[PDB]
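Participant: If you scroll down you'll find the structure; I have some questions about it.
No lab work stands behind these numbers, since they all come straight from the coordinates. Quick reminder, even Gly has a Cβ in these numbers, built from the backbone with ideal geometry, and neighbours come from all protein chains shown.
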Amino acid sequence: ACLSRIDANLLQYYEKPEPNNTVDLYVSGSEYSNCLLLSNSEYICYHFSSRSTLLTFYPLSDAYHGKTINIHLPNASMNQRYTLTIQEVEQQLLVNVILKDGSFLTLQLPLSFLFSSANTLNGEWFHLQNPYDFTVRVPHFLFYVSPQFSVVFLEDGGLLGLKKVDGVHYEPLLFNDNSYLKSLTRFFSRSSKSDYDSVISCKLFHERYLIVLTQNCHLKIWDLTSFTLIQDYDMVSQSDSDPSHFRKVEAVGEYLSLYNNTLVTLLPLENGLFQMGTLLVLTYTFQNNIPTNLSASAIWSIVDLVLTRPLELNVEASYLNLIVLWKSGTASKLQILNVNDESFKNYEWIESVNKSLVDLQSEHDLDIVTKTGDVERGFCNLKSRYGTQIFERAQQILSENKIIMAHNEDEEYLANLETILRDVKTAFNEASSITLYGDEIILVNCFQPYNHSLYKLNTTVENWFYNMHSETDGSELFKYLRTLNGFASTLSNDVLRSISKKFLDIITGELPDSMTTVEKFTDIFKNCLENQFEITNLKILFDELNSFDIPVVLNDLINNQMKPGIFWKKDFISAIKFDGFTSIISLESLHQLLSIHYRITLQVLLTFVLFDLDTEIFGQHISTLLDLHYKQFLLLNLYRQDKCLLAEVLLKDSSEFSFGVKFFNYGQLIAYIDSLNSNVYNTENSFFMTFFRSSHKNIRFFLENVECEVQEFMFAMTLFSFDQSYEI
């Protein structure tokens, strides 16, 4: 797994789970969603509701303050989003929709209006029209070709053309079709409800050629200059012709995408065949069938795929990259197929983590930082973790099902909240489509508006974290970390927390500066670790530990991997305007990085308290580690205490980047996150304490912690906002 999941709820920083500026247009979103890039470098998001009666638009980078527009439809489209198109013509979002009754609706939404303050729209923003009689021959798939031309596909198998004459009116330009004549055979009827070989996927090539995939996996190719069938390939007769079962595709889906002149097709054989040939003159020419790597019966469905230029992966041998998004219920799966050479015979499947760190930690009880105790403490914890949209949706689902909080301390209630919050989140996050943000950034758009998931290329350390129980090989540092985790994972959360606390105490002076390091470690051991682990695992750890050249591995970990770089500014595109998307993606990414750092740092420190490692030789490292652990803890604490505030103080930290950042590739993003890491490990503390004062409970830990004349007064005013305060 070379990628990780960063979840972004665009409204997370704000209390209102809905933008104040919402406008409802009416014509006389949890079933489809996508992003589209416009002339102004902005991304517009859209959602088509469950019923296909509501279309919703909102600006990716300004979801809260920007305008979301709800367009209400008189009736549903004939066949969901498959009978809907959206393209930017000339400074306008042109939206066409064949509705159930047969009407062909046109929407014209000025680009200005999408980014304006206005709650009104002038002029003819919609046109109804009846060009063909769809009562007899029902269509199911609408494909945009040009501002004036686009074709319609029918359930019975026929294609209709639709040519725009003036600006509004459309007329049927029919294609020659003799496919129907197979009716003459005893094996097909015109009247039969089966037998239809309708189009399930379609792409436009070089403006002229229209490549269609049928339910029987035929690739037919139509020349729009001729309006004639040029090609007809049977995709299946190439590989092992299974007489047992080829699943004729029973719905429109994303079964092919082309890049330059290459073309991948998804054929169903246990839901596992990516054919890919080349187009050239028109001729399609096979190269190879690349199966899938999927088990647990193979019960994943394609959501979206996107063939594109290669990524920066751990294998330089690359020619093309296919991004693939599977789904199985509300669980998703993102993979990248890397093809090595121009022969499509050498390739490699690259997997990713399909749950975010925050979620994994919550599921697997690996969260040491989140404050425990009170029932309302858990309330703040969950509220802050999930965001208002989800938290309130969950509290909505509770009262509907008649689950009502008995008293302040109803633990039986909170228990229920945990589950509903998790489910609501999971639902909201159901995957719908892929967007290539920037040049190469893999973005997934979810069923619930304002919910997106970015898939982020892992750094070295992140790869180690996300592949402990895997990496066959690995460097010395990896093996070392794996063995440290091998021991630390046997300890319980309470023990680990008490140890973390003690490491804070060394910095705070609660473990007096008067003590020697050996004495503080002895204190820690006796109070926290003695009798709290299996001696067998200690022996295992000691043995494994003796294979490593510790000073070298620790050197590489501290001075290369974890302690980030001095920058001479390495182009983190300065944002002119606040970009809420990059803001939350940055903060979540930072949080993942520092959480991983935290766990590593704590495991190493642990090894320093357990074994007789010369407290003088490693004195530097130990103090660096205790310095780093501490900073880690602080940040992570602030993160779950008040994300909005953390973001605000962390972006008003960098002067030239006060408003935010833009990143168009994975290198720029990684470099920015690292940059913030540097900020954390190195003026910040003061700016943030100041902004804060102008998170009450945390600053106690962090006025006992982070304070250790100025710190004294801070402790006073903080402890006042009483005996301790007055005394100090």
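Participant: Can you pull the one-decimal nm distance between simple spin-label points at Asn21 and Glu476, each 7 Å off the Cα toward Cβ?
Facilitator: The two pseudo-label positions are separated by 5.8 nm.
Participant: Does a label point 7 Å from the Cα of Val518, set along Cα-to-beta-carbon, have any residues of the range 584-619 with amide nitrogen under 17 Å, and which are they?
Facilitator: 608-619
Participant: Looking at the square roots a ≥ b ≥ c of the eigenvalues of the Cα gyration tensor of the range 258-341, which shape do they give, rounded for a/c under 1.5, prolate if a/b is larger than b/c, or oblate?
Facilitator: Oblate is the answer for the range 258-341, as a/c is 1.5 or above yet b/c matches or exceeds a/b.
Participant: Ranked highest first by average number of other Cβ atoms within 10 Å, how do 658-667, 282-291, 577-586 line up?
Facilitator: On the way: 658-667: 17.7, 282-291: 15.0, 577-586: 21.5.
Those peptides, ordered most packed to least, come out 577-586, 658-667, 282-291.
Participant: Could you tell me whether the range 129-286 comes out rounded, prolate or oblate from its Cα gyration tensor? Rule is a ≥ b ≥ c as square roots of the eigenvalues, rounded for a/c under 1.5, then prolate if a/b exceeds b/c, otherwise oblate.
Facilitator: Cα axes put the range 129-286 in the oblate bin.
Participant: Okay, moving on. May I ask you to derive the relative contact order of the range 95-170, considering only C-alpha pairs under 8 Å and at least 6 residues apart, and to give it as an integer percent?
Facilitator: Worked out over the range 95-170, it gives 21 percent.
Participant: Want the number for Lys569 to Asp556: 0.36 nm per residue separation, take away the alpha-carbon distance, what's left?
Facilitator: Between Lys569 and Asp556, full extension yields 2.3 nm more.
Participant: For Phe391, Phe521, what ranking results if the residue with the fewest other Cβ atoms within 10 Å of its Cβ goes first?
Facilitator: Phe391, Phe521
Participant: Can you give the charge dipole size of the chain about its Cα centre, rounded to the nearest 20 debye, using +1 on the beta carbon of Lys and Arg and -1 on the beta carbon of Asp and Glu?
Facilitator: Dipole magnitude for the chain comes out near 1960 debye.
Participant: Mind checking which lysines have their Cα closer than 16 Å to the Cα of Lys520? Skip sequence neighbours fewer than 8 apart in that chain.
Facilitator: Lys520 reaches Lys501, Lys502.
Participant: Above 36 angstrom, tally the Cα pairs of the chain and express them as a % of all pairs, no decimals. Please report the intermediate quantities before stating the final value.
Facilitator: Values: 134545 of 264628 pairs.
I get 51 percent for the Cα pairs in the chain exceeding 36 Å.
Participant: Can you figure out the FRET efficiency of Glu648 with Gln532, using R₀ = 35 Å and their beta-carbon distance, to the nearest 0.05?
Facilitator: After rounding to 0.05, the efficiency reads 0.30.
Participant: Could you state the orientation-averaged shadow area of the convex hull built on the Cα atoms of the range 402-457, in nm² to one decimal?
Facilitator: That works out to 5.7 nm².
Participant: Where in the range 677-693 does the amide nitrogen come within less than 20 Å of the point 7 Å from the Cα of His65, taken along Cα to Cβ?
Facilitator: From the range 677-693, the list is 691-692.
Participant: Would you mind getting me the FRET efficiency between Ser50 and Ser655? Use the beta-carbon distance for r and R0 = 51 Å, nearest 0.05. Can you show the working numbers first?
Facilitator: Details: r = 47 Å, r/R0 = 0.91.
For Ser50 and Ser655, the calculated efficiency is 0.65.
Participant: Among all the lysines, which ones have a C-alpha under 30 Å from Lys402's C-alpha, if same-chain residues fewer than 8 places away are not counted?
Facilitator: Cross-link targets: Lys16, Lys371, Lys383, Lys425.
Participant: Taking 30 Å as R0, compute the FRET efficiency from the Cβ-Cβ separation of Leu128 and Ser192 and round it to 0.05. Working shown, then result.
Facilitator: Details: r = 33 Å, r/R0 = 1.12.
Using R0 = 30 Å, I get an efficiency of 0.35.
Participant: Could you put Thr516, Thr459 in order, starting from the residue whose Cβ has the fewest other Cβ atoms within 10 Å?
Facilitator: Values: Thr516 9, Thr459 16.
The order, fewest Cβ neighbours first, is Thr516, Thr459.
Participant: Below 17 Å, Cα to Cα, which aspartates and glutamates can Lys526 reach? Residues fewer than 8 away in the same chain don't count.
Facilitator: Hits, sequence-local ones excluded: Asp494, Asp505, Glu510, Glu534, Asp612.
Participant: Along the positive direction of the dipole of the chain (beta-carbon charges: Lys, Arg +1; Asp, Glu -1; about the Cα centre), which of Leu266, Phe126, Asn9 reaches farthest?
Facilitator: About the Cα centre, the residue reaching furthest to the positive side is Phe126.
Participant: Which of rounded, prolate or oblate describes the range 596-728 when judged by the alpha-carbon gyration tensor and an a/c cut-off of 1.5?
Facilitator: The shape class here is oblate.
Participant: As a footprinting exposure proxy, order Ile540, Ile86 by other Cβ within 10 Å, with the fewest listed first.
Facilitator: Fewest to most other Cβ atoms nearby, the residues stand as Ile540, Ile86.
Participant: So for each of 197-208, 348-359 I average, over its residues, the number of other beta carbons within 10 Å; can you give me the resulting order with the highest mean first?
Facilitator: Details: 197-208: 17.1, 348-359: 18.7.
The packing order, highest mean first, is 348-359, 197-208.
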